[PDB]
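Single chain ahead, written as structure tokens, the form deposited in one PDB entry.
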């Protein structure tokens, strides 16, 4: 074994070398041979009152039961805080319960491509505010909607820069407004009528290359916080477009080399830095959408389904729907997407110290049990359903003498479990 082959010179070393090791201190043991298996020691005449064997532990510290109310007074995950003392190489496992709340508020921000092919769509979305509100009455008791528009970076080569085309990027007869990156038209409000009023006043625009600059807008919607109005509720971002998307690296064609900084840069409700920061990368959006608990609904036309479906596989808590040619079906699209998103829970953890590892096992409905990366998720979660996760943590070092802490939480939610780690390195 590796208890003896460690040559433990002290009880200390003996601990860090093997979870199956124990240490004798009697000096009635006929050197490093005092470090042997818990059985190999008893078989060699070591009183259990002498075999020093520190073991890891679990102590739950906060444990409000799942609910059955303001959102913050609603509990969907338990426990909320625990302490794990970790013997090197010995996992400590605990159970997370997740219960889908019966009724939870929804903030939905409708972020719309307003390039010229979306002109007919814009005509339909004119009543979307009130129609969606009416539908949502049967989904939640507390719904708010907002609206933003995007087109493109306002620089060569993505837009034409002749004086005429800057005034009107479209044909002479088409009365398009000047190209713009992103306009935060309407912050989240419970007044659907106001959504109708404002969206009805928006002017369609245009630009030159087919992919659009919506990733610039998504980033702003994710990180602009109170300017958008997000509450700590279900946050839905509907991204509506009939084209593909620019991303990081595309900016170099326009001489834009600074990476997106992922900070808010709205002035007078407009994004002002599209000429200065590159489009975000997918990974950057992943970071910022996740961090801000945004669940994305890609409402995109048939021809770009292939692209957005791959995008959806890279962005956690996202869904894809097929938008009709004039957004006529967008309400049912949004409903279907919300239902899909709400019925799946995905756990993430914060960064662990070196030598520390985490494994998940999920226990879902109809005895569907996930392991590996699938242990982080459950699917087909209906309203009121409970699911559970067995979460195992192991230290294989002596990571610090200082305690660590990290969070486990379901993507899209503020609620989280604080896991405090303590490392047994000494006797």
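Numbering follows the first chain given and starts at 1. If you superpose the two forms and keep the largest set of C-alpha atoms that fall within 1.5 Å, you have the rigid core.
**Study point:** Interval residue 68-residue 69, deposited residues with no coordinates in the entry (none, 1 to 3, 4 to 9, 10 or more)
**Key:** The entry has 4 to 9 unmodelled residues between residue 68 and residue 69.
**Study point:** Absent coordinates between residue 383 and residue 384 - deposited residues affected, binned into four classes
**Key:** Per the record, no deposited residues are absent between residue 383 and residue 384.
Exercise for review: Report the stretch with the higher mean CA temperature factor, choosing between 244-252 and 89-97 on the basis of the entry.
Suggested key: In the deposited entry, the stretch with the higher C-alpha B-factor mean is 89-97.
Exercise for review: Output the stretch having the higher mean C-alpha B factor in the entry; the candidates are 352-360 and 260-268.
Suggested key: Higher mean C-alpha B-factor in the PDB entry: 352-360.
Review point. If you rank the chain by CA B-factor, which third does residue 133 end up in: lowest, middle or highest?
Key: Within its chain, residue 133 is a middle-third residue by C-alpha B-factor, going by the deposited values.
Review point. Residue 408: which third of its chain by C-alpha temperature factor?
Key: Lowest third.
Review point. Lowest, middle or highest third of the chain for the C-alpha temperature factor of residue 297?
Key: Lowest third - that is where residue 297 ends up once the chain's C-alpha B-factors are sorted.
Point to revise | Modelled-residue ranking by C-alpha temperature factor, third containing residue 126 | key: As the PDB entry reports it, the C-alpha B-factor of residue 126 lands in the highest third of its chain.
Check your understanding: Sorting the chain's CA B-factors, does residue 193 end up in the lowest, middle or highest third?
Key -> Tercile = middle for this residue's CA B-factor.
There is another form of the same protein, the form deposited in another entry; it is not shown, and what comes next is about it.
Exercise for review: Identify which of 398, 358, 51, 368 has its C-alpha displaced by 2 Å or more between this form and the one not shown once the rigid core is superposed.
Suggested key: Shifted by 2 Å or more: 51 only.
Review point. Superposing on the rigid core, does the Cα of residue 7 end up 2 Å or more away between this form and the one not shown?
Key: Superposed on the core, residue 7 moves its C-alpha 2 Å or more between this form and the one not shown.
Practice item. Compare the position of the CA of residue 37 between this form and the one not shown after a rigid core fit and state whether the shift reaches 2 Å. Key: It does, since the residue 37 C-alpha is displaced 2 Å or more between this form and the one not shown after the core fit.
Point to revise | CA of residue 419, rigid core aligned, shift of 2 Å or more between this form and the one not shown | key: Residue 419 C-alpha, core-superposed: shift of less than 2 Å.
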